[PDB]
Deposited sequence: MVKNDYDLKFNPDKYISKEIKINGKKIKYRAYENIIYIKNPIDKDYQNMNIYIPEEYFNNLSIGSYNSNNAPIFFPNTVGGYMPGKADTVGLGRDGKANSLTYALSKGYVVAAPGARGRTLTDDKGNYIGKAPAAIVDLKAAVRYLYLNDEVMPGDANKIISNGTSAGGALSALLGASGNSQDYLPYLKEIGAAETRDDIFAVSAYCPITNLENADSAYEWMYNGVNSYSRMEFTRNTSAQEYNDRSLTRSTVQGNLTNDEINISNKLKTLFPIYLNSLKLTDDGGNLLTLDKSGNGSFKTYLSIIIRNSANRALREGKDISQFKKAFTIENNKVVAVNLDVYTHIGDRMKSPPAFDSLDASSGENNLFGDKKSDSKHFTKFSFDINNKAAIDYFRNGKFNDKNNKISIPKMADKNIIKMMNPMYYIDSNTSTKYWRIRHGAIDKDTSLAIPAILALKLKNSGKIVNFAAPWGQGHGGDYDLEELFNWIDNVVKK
């Protein structure tokens, strides 16, 4: 019943000054991008278009029929995320949408449902796969209105951080997969298409069902933790903006936690070898049963490359030199095991599928009537065996919904999105560096152009490098 055609006449004239330039744009705010919305506060989208594109003017190489479409989402924690607005970040500098507008991009910024959202009757409406369905549905809206809306729908660049990086990556990996259509039909998405031109993903929290073994492979033996306390009800912004003041919990892993981490580590080589990932040379990246082999040597080179860039920039590597072989003031070798034992660990095992089903990712895999579920055989079987011994009974997420949240099952040599920029910080312990690396390898092995880097001294977060990011987008757009 909600009409889906874009009205170029229904806008507000807005402006913003970054340091001295006046960026004028036309704002089309809170468009319902779906004919039958279930939650209109979240399933709407803001579209910002530079004012030049209504006066037959150019911004750089870009014009009103030319401009790439910058597609940022605001999701963190797999929580509901509202459409982003044009303004400044906490640093006081231009945020990503303001940056995009100054460079001549059209900005379409969708909101999306998330894991705590309910309907009027209390049923959950934002458990998996709602958020990926909302992002697909907004893309389809962009394609349906391409001919009347300024810009080029064939050049959509997705952006996200953390959980929202996972969705941006998912959006690039599953373009037009049939799995999502019954959900798109149900909410009346436009019947166009949802493949995108390029993905940018900061610290994606993906591959959820394999992120527990990878995290213990990396961090086994680090038995004292410290982390910010996140709860069921932590908002998106607090998951993604680590510059906000939060209280911190710290302690030592219990003996059972250590046995669980021992067992989880044991399980990662079976999984990693199953992927048959090859590096640049066609050399298979594998792991022995002891957890060593070429894949670990591959990871250590990412760190070596990170620390050597830091050196060239005069940054401090001091705290981590004990893991480094340094000769003529270049790092030539990195003992990855030593490197990962340097800080305190962050999450406790199992880091994603907790035994009491209380993680945020547990909460993502609830359904209309269940607030959380398991999604790994490992955590489910522990609880299932305990219930049988008792004569609580655990629930396991639907296999097809676990699939729909994981870009790994969709990346092919035929994946249509060519360009991918992936960042995971060298001191980011919200997930294993093994996980974004595995995503990056899978895309390279499938013939896609991948720009992957672990920036030194960088924890969880996104958009800390907007100048470099839009250099990449400009280059990728050609």
Fill in the blank from the handout: The record leaves without C-alpha coordinates the deposited-sequence stretches 1-4, 396-407, 495
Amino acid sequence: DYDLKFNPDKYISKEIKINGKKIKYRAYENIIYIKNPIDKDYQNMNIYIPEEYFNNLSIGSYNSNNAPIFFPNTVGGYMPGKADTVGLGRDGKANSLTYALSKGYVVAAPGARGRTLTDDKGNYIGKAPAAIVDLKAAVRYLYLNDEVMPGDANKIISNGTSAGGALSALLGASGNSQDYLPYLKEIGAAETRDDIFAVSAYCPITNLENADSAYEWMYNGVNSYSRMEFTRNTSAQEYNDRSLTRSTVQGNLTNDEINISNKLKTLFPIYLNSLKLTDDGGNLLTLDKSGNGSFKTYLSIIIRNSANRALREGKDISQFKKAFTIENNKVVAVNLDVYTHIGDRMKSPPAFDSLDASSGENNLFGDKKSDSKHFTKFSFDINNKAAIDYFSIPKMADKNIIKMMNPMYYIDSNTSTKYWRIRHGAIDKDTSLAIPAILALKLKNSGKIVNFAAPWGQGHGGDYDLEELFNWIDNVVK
From here on, numbers count along this sequence of modelled residues.
Problem - Higher-scoring stretch by recorded Cα B factor average, 191-199 or 70-78 - result: 191-199
Handout entry: Between the two ranges 304-312 and 237-245, the one averaging a larger CA B factor in the entry
Key = 237-245
Handout entry: Member of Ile402, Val222, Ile393, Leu275 with the greatest C-alpha B factor (per the PDB record)
Key = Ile393
Fill in the blank from the handout: The largest CA temperature factor among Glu216, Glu186, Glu361, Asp398 is found at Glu186
Exercise for the section: State the tercile, meaning the lowest, middle or highest third, of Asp381 with respect to the CA B-factors recorded for its chain. Expected result: middle
Fill in the blank from the handout: Binned into thirds over the chain's modelled residues, the C-alpha B-factor of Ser290 lands in the middle
Handout entry: Among modelled residues of the same chain, the CA temperature factor third for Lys444
Key = lowest
Handout entry: Chain-relative CA temperature factor third for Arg90
Key = highest
Practice task
For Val148, return the chain-relative third of its C-alpha B-factor as stated in the PDB record: lowest, middle or highest.
Solution key: highest
